[PDB]
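Participant: Let me give you the structure first, and then I'll get to my questions.
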DNA sequence: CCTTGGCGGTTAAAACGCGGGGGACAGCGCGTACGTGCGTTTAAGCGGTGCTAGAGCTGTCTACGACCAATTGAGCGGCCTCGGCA
């Protein structure tokens with residue numbers, strides 16, 4: 108996890124995916140002053156394991172490409188270091204049923 | 001929502017000042033072997049007929065290989081067949 112101070116030049120931004128299978132995640136120091144997951148409007152995200160994911164897809168008989176999506180640069184996906192193909196489970200408050208579990212898959 | 005007018009951001013290296021430290025430029029000392037103007041005597045050099053002929057200069061003659069014109073054969077590229085490595 109690489110925290111920088113002011114900016115990251117676009118030329119230097121191409122040096123990040125060239126260092127695989129190790130993963131590098133960059134963050135601007137401003138963006139971390141507040142932990143956004145403590146906000147009222149952000150419900151608790153929990154990444155599903157590979158076994159739980161497979162069990163989920165069979166229950167709904169669905170292709171991976173049919174789930175709702177979250178972009179990789181989304182703030183909560185970056186916070187969790189989500190990689191392509193991984194699913195988050197989102198349990199959020201509902202005024203009609205009380206509790207409701209929503210699933211999203213990361214692009 | 002998309003593509004130009006001028007503007008930061010994008011590298012290999014030199015715009016090298018300038019800190020360090022020494023190879024080596026030009027003047028100066030000494031110092032020796034070689035070095036030309038003048039001197040001698042010479043052996044070849046410049047200019048003249050005398051003699052004798054080789055082949056250039058210029059002339060016309062006789063002549064054999066190329067020009068541009070119709071034939072036509074071999075090398076090469078595009079189809080088309082044959083064949084063993086994967």
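Numbering (the deposited numbering), first residue to last: 108 to 214. Each residue gets a CB set at the ideal place from its N, CA and C atoms; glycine is no exception.
(1) Could you pull out every residue in the same chain whose Cβ sits closer than 6 Å to the Cβ of residue 155, ignoring the five residues on either side in sequence?
(2) Contact check, residue 176 vs residue 132 under 8 Å by CB: the rounded distance?
(3) Do you know how far the Cα of residue 147 is from the Cα of residue 206?
(4) Taking Cβ positions, are residue 163 and residue 210 nearer each other than 8 Å?
(5) Using the Cβ count rule (16 or more neighbours within 10 Å means buried), how would you classify residue 145?
(6) Can you tell which of 187, 198, 123 and 120 has the C-alpha that lies nearest to the C-alpha of residue 150?
(7) Say the cut is 7 Å; is the CB of residue 115 nearer than that to a heavy atom of the ligand HEM?
(8) Where does residue 126 sit, in a helix, a strand or coil, going by DSSP?
(9) Pick out the complete beta strand (DSSP E) segments inside the stretch 127 to 163, 3 residues or longer, and give them in chain order.
Facilitator: Well, looking at it:
(1) In chain order, 194 and 196 place their CB closer than 6 Å to the CB of residue 155, counting only its own chain and leaving out the 5 sequence neighbours on each side.
(2) Not confirmed; about 20 Å, so no contact.
(3) Rounded to the nearest angstrom, the two C-alpha atoms are 15 Å apart.
(4) Result yes, Cβ atoms of residue 163 and residue 210 sit closer than 8 Å.
(5) The residue in question, residue 145, is exposed, as its Cβ has fewer than 16 Cβ neighbours within 10 Å.
(6) Of 187, 198, 123 and 120, the residue nearest in Cα terms is 198.
(7) For the structure depicted, the ligand HEM is absent and the ligand set is empty, with no information on it obtainable.
(8) Three-state DSSP puts residue 126 in a helix.
(9) Listed in chain order, the complete beta strand (DSSP E) runs (minimum 3 residues) inside the stretch 127 to 163 are 133 to 135 and 151 to 154.
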